[PDB]
There are 2 protein chains.
Amino acid sequence: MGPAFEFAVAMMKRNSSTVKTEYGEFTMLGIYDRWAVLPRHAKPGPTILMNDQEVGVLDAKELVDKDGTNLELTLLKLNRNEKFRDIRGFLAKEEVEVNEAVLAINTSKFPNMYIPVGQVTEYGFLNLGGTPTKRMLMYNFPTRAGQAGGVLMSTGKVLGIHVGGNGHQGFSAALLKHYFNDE
Amino acid sequence: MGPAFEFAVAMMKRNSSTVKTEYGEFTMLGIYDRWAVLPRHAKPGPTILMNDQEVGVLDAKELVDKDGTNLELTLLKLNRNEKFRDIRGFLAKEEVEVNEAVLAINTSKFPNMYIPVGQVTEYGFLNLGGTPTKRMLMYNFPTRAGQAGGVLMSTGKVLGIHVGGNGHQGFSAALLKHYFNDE
RNA sequence: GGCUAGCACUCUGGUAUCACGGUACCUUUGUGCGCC
């Protein structure tokens with residue numbers, strides 16, 4: 001298969017899981033150690049269902065930029081023995097544009113789905129659900145319910161996390177390297 | 001949770017795949033190098049559908065004993081670059097009886113299913129579906145379509161591959177170490 | 001302690017493949033967890 005799909009299969013196999021909260025079912029990406037990322041709307045409580053197993057949440061941080069502006073991502077630390085593969089070397093300093101990317105989703109509704117989305121562009125500012133958000137990535141692709149959390153990727157690059165769309169376009173929160181320096 | 005469940009999760013993550021042949025959908029287990037196992041009834045052709053991707057089959061071996069009796073397993077060598085993790089050390093020399101096992105299945109009908117199995121006993125000779133067969137393991141089990149290929153496991157041990165049942169017991173072809181000797 | 005009990009990550013070397021970005025397995029090491 002294509003080198004990006006080869007990369008995407010490894011990423012979902014080693015670093016993704018299916019997560020259920022009070023607000024629905026999400027693809028979840030582990031970054032390193034016990035730190036993982038979710039869309040902000042997942043709003044995890046004291047515990048989450050991770051591959052249908054109850055996993056305690058030690059700490060959860062909703063990310064904002066220097067401006068206080070929403071980034072639409074939540075970092076949570078998981079109370080589990082297992083460590084995640086350290087994929088921070090696959091994360092960029094700043095936003096990345098690629099001519100072709102893959103969107104990978106792992107939920108009971110979209111199992112093992114790797115969707116080619118083509119051009120990804122820096123979109124910047126966006127009003128999601130009445131909330132101003134920054135650092136959004138755009139890709140022309142019809143988006144449906146249950147895709148939030150999908151991992152947007154290119155060979156050797158994890159670009160961001162799917163967080164919404166408008167029926168003809170998709171939007172990802174960019175996944176920057178310095179978000180994972182310490183917290 | 002349970003150490004056998006931990007073992008089965010890793011086994012499915014690292015060594016299993018979902019296979020479609022002309023004869024239906026099956027769980028498939030990779031053993032070492034590029035060799036995998038299917039139930040004989042899967043009857044794989046020159047190419048296979050492996051996680052909905054077309055994979056050429058270099059060579060396919062139907063196992064019989066020295067007398068010529070059916071063992072209900074087919075070994076096939078895959079035309080792919082990637083090697084399977086070597087699990088030959090998790091296979092026994094002779095048939096194994098265990099008090100508790102897991103049957104692990106991953107098909108569109110039984111996705112990510114881990115079924116607890118009680119007592120597993122070497123039952124030996126059996127007439128499966130009009131065919132004489134040997135080296136069978138028996139365990140009390142519901143008989144349902146799409147379960148063939150399931151991986152019968154215990155912690156640190158791959159016992160065999162589920163190949164059928166009679167509505168009240170399930171049967172696995174025992175998965176012996178000498179079937180996969182380097183030569 | 002060992003497991004005929006393994007799991008996860010980390011590290012070190014290989015081998016193959018790759019659109020050279022990676023991927024897969026193997027090997028060295030260490031940490032955590034689990035026991036027979």
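Throughout, protein chains are lettered first and strands after them, A, B, ... in sequence-line order, and every chain is numbered starting at 1.
Comparing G6(C) with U28(C), their P atoms sit 16 Å apart, to the nearest whole Å. Straight-line distance between the P atoms of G30(C) and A5(C): roughly 24 Å, to the nearest whole Å. A gap of 15 Å separates the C1' atoms of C11(C) and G32(C), to the nearest Å. Taking the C1' atom of each, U10(C) and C35(C) are spaced 23 Å apart, rounded to whole Å. Rounded to whole Å, the separation between the P atoms of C26(C) and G2(C) comes to 24 Å. Look at the P atom in both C33(C) and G13(C): the space between them is 28 Å, to the nearest Å. Taking the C1' atoms as reference points, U23(C) lies 8 Å from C18(C), given to the whole Å. Distance noted for atom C1' between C36(C) and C25(C): 30 Å (whole Å).
Counted by atom type alone, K134(B) and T69(B) present one or more donor-acceptor pairs between their side chains at under 3.5 Å. Checking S108(A) against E25(A) by side-chain atom types alone, a donor-acceptor pair falls below 3.5 Å. Judged purely by distance below 3.5 Å, without hydrogens or angles, the side chains of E72(B) and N70(B) pair a donor atom with an acceptor atom.
For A19(C), the glycosidic angle deviates from 0 by 90° or less, giving a syn base. Annotated as anti: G6(C), whose glycosidic dihedral deviates from 0 by more than 90°.
In this structure the side chain of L78(A) reaches within 4.5 angstrom of the side chain of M28(A), judged on heavy atoms. Contact check for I31(B) versus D86(B): no side-chain heavy atoms found under the 4.5 Å cut-off. Within the 4.5 Å cutoff, the side chain of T155(B) has no heavy atoms near those of the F5(B) side chain.
Each of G156(B) and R85(A) has a nearest nucleotide on RNA chain C; the 5'-most of these lies closest to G156(B). Position along RNA chain C of the nearest nucleotide to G2(A) versus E82(A) favours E82(A) as the more 5'-ward residue.
Taking the six-membered ring where the residue is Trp, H41(A) and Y23(A) present tilted rings, their angle falling between 30° and 60°.
Consecutive bases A19(C) and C20(C) are counted as unstacked, their six-membered rings not meeting the limits of centres under 5.5 Å apart and planes tilted under 30°.
Taken as a pair, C33(C) and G22(C) do not qualify under the rule of Watson-Crick (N1-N3 plus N6-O4 or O6-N4) or G-U wobble (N1-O2 and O6-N3), both under 3.5 Å. No canonical Watson-Crick or G-U wobble pair links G32(C) to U23(C) with each of its two hydrogen-bond distances shorter than 3.5 Å. Taken as a pair, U31(C) and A8(C) qualify: Watson-Crick (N1-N3 plus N6-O4 or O6-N4) or G-U wobble (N1-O2 and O6-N3), both under 3.5 Å.
At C20(C) the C1'-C2'-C3'-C4' dihedral is negative, so the sugar adopts a south, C2'-endo-type conformation. Here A19(C) counts as south. Its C1'-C2'-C3'-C4' torsion is negative.
The footprint of chain B on RNA chain C, defined by a heavy-atom cutoff below 4.0 Å, extends from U4(C) to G34(C).
Within the nucleic acid shown, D86(B) comes within 4.0 Å of sugar-phosphate atoms alone, with no base atom in reach, counting heavy atoms only. In this structure, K157(A) reaches neither bases nor backbone, as no heavy-atom distance under 4.0 Å exists between it and the strands shown. Contact annotation for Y32(A): no contact, since no heavy-atom pair falls under 4.0 Å across all strands.
Remark: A19(C) base-pairs with no nucleotide in the shown strands. Criterion, Watson-Crick or G-U wobble with two distances under 3.5 Å. The partner of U28(C), taking Watson-Crick or G-U wobble pairs whose two distances both stay under 3.5 Å, does not exist in any strand shown. For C3(C), there is no paired base (Watson-Crick or G-U wobble, both distances below 3.5 Å).
For the atom pair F26(A) CZ and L49(A) CG, the distance stands at 12.5 Å (nearest 0.5 Å).
Aromatic ring centres of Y139(B) and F171(B): separated by at least 6.0 Å.
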